[PDB]
Amino acid sequence: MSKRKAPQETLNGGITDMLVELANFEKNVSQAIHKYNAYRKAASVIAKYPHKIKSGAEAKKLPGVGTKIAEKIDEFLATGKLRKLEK
(Lines give C-alpha, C1' and ligand atoms only; values in the text may rest on other atoms or scores of the structure.)
Protein backbone atom coordinates (compact mmCIF):
# COMPACT_ATOMS: atom_id res chain seq x y z
CA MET A 1 0.00 0.00 0.00
CA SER A 2 2.97 2.34 -0.64
CA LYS A 3 4.98 2.71 2.64
CA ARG A 4 2.59 0.35 4.53
CA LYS A 5 3.72 -3.13 3.42
CA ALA A 6 2.65 -6.39 5.11
CA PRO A 7 4.85 -7.98 7.86
CA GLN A 8 7.50 -10.40 6.55
CA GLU A 9 7.85 -12.42 9.79
CA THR A 10 4.32 -12.56 11.26
CA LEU A 11 5.15 -12.76 15.00
CA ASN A 12 2.05 -11.62 16.93
CA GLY A 13 -0.22 -11.37 13.85
CA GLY A 14 -2.46 -14.30 14.95
CA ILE A 15 -3.14 -12.99 18.46
CA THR A 16 -3.94 -9.38 17.50
CA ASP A 17 -6.26 -10.82 14.80
CA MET A 18 -8.39 -12.41 17.56
CA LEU A 19 -8.15 -9.40 19.92
CA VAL A 20 -8.82 -6.81 17.20
CA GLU A 21 -11.70 -8.89 15.75
CA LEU A 22 -13.65 -9.46 18.99
CA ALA A 23 -12.57 -5.93 20.07
CA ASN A 24 -14.86 -4.51 17.35
CA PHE A 25 -17.60 -6.78 18.75
CA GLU A 26 -17.13 -4.96 22.09
CA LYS A 27 -17.54 -1.35 20.87
CA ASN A 28 -19.96 -2.44 18.09
CA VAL A 29 -22.18 -3.76 20.92
CA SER A 30 -23.96 -1.43 23.39
CA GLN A 31 -23.02 -2.72 26.88
CA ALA A 32 -19.48 -3.81 25.89
CA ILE A 33 -17.03 -0.91 26.40
CA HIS A 34 -15.08 -2.33 29.39
CA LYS A 35 -14.02 -5.40 27.36
CA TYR A 36 -13.42 -3.06 24.37
CA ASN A 37 -10.25 -1.37 25.73
CA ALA A 38 -9.34 -4.88 27.04
CA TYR A 39 -8.43 -6.27 23.58
CA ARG A 40 -8.16 -2.81 21.95
CA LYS A 41 -5.24 -1.88 24.25
CA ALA A 42 -3.73 -5.39 24.52
CA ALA A 43 -3.99 -5.87 20.73
CA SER A 44 -2.33 -2.45 20.24
CA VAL A 45 0.84 -3.23 22.25
CA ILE A 46 1.02 -6.82 20.90
CA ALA A 47 0.17 -5.86 17.28
CA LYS A 48 2.89 -3.16 17.60
CA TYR A 49 5.38 -5.16 19.72
CA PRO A 50 8.99 -5.65 18.42
CA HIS A 51 9.20 -9.14 20.02
CA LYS A 52 7.08 -12.23 20.77
CA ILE A 53 5.41 -12.84 24.16
CA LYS A 54 7.02 -15.95 25.71
CA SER A 55 4.66 -16.48 28.68
CA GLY A 56 1.55 -14.67 29.96
CA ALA A 57 3.86 -12.57 32.18
CA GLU A 58 5.53 -11.08 29.07
CA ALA A 59 2.03 -9.83 28.08
CA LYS A 60 1.22 -8.31 31.51
CA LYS A 61 4.52 -6.38 31.68
CA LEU A 62 3.38 -4.52 28.53
CA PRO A 63 1.89 -1.01 29.18
CA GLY A 64 -1.90 -1.14 28.66
CA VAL A 65 -2.39 -4.88 29.30
CA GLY A 66 -3.93 -5.90 32.66
CA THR A 67 -4.38 -9.37 34.22
CA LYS A 68 -7.65 -10.30 32.45
CA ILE A 69 -6.51 -9.87 28.83
CA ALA A 70 -2.91 -10.81 29.75
CA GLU A 71 -4.27 -14.03 31.30
CA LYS A 72 -5.73 -15.09 27.92
CA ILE A 73 -2.27 -14.50 26.39
CA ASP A 74 -0.69 -17.08 28.76
CA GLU A 75 -3.21 -19.67 27.48
CA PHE A 76 -1.97 -18.84 23.95
CA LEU A 77 1.72 -19.40 24.71
CA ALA A 78 0.86 -22.30 27.07
CA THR A 79 -0.72 -24.84 24.69
CA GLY A 80 -2.07 -22.76 21.77
CA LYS A 81 -5.35 -24.59 21.03
CA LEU A 82 -8.51 -23.38 22.82
CA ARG A 83 -11.15 -26.14 23.14
CA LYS A 84 -14.73 -25.26 24.16
CA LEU A 85 -14.22 -26.47 27.76
CA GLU A 86 -16.27 -24.08 29.93
CA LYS A 87 -15.26 -25.84 33.17
# chains A, B, ... in the order shown; residues from 1 in each chain; ligands from 1
>>> residues_around(residues="residue A:73", least_positions_apart="4", cutoff="12 Å", atoms="only C-alpha atoms", output="PyMOL selection string")
chain A and resi 12+14-16+18-19+38-39+42-43+46+52-62+65-69+77-82
>>> closest_residue(among="A:23, A:71, A:48, A:87", to="residue A:7", atoms="only C-alpha atoms")
A:48
>>> atom_distance(atom1="atom CA of residue A:9", atom2="atom CA of residue A:51")
10.8 Å
>>> atom_distance(atom1="atom CA of residue A:75", atom2="atom CA of residue A:28")
25.8 Å
>>> atom_distance(atom1="atom CA of residue A:49", atom2="atom CA of residue A:34")
22.8 Å
>>> closest_residue(among="A:11, A:20, A:50, A:2", to="residue A:37", atoms="only C-alpha atoms")
A:20
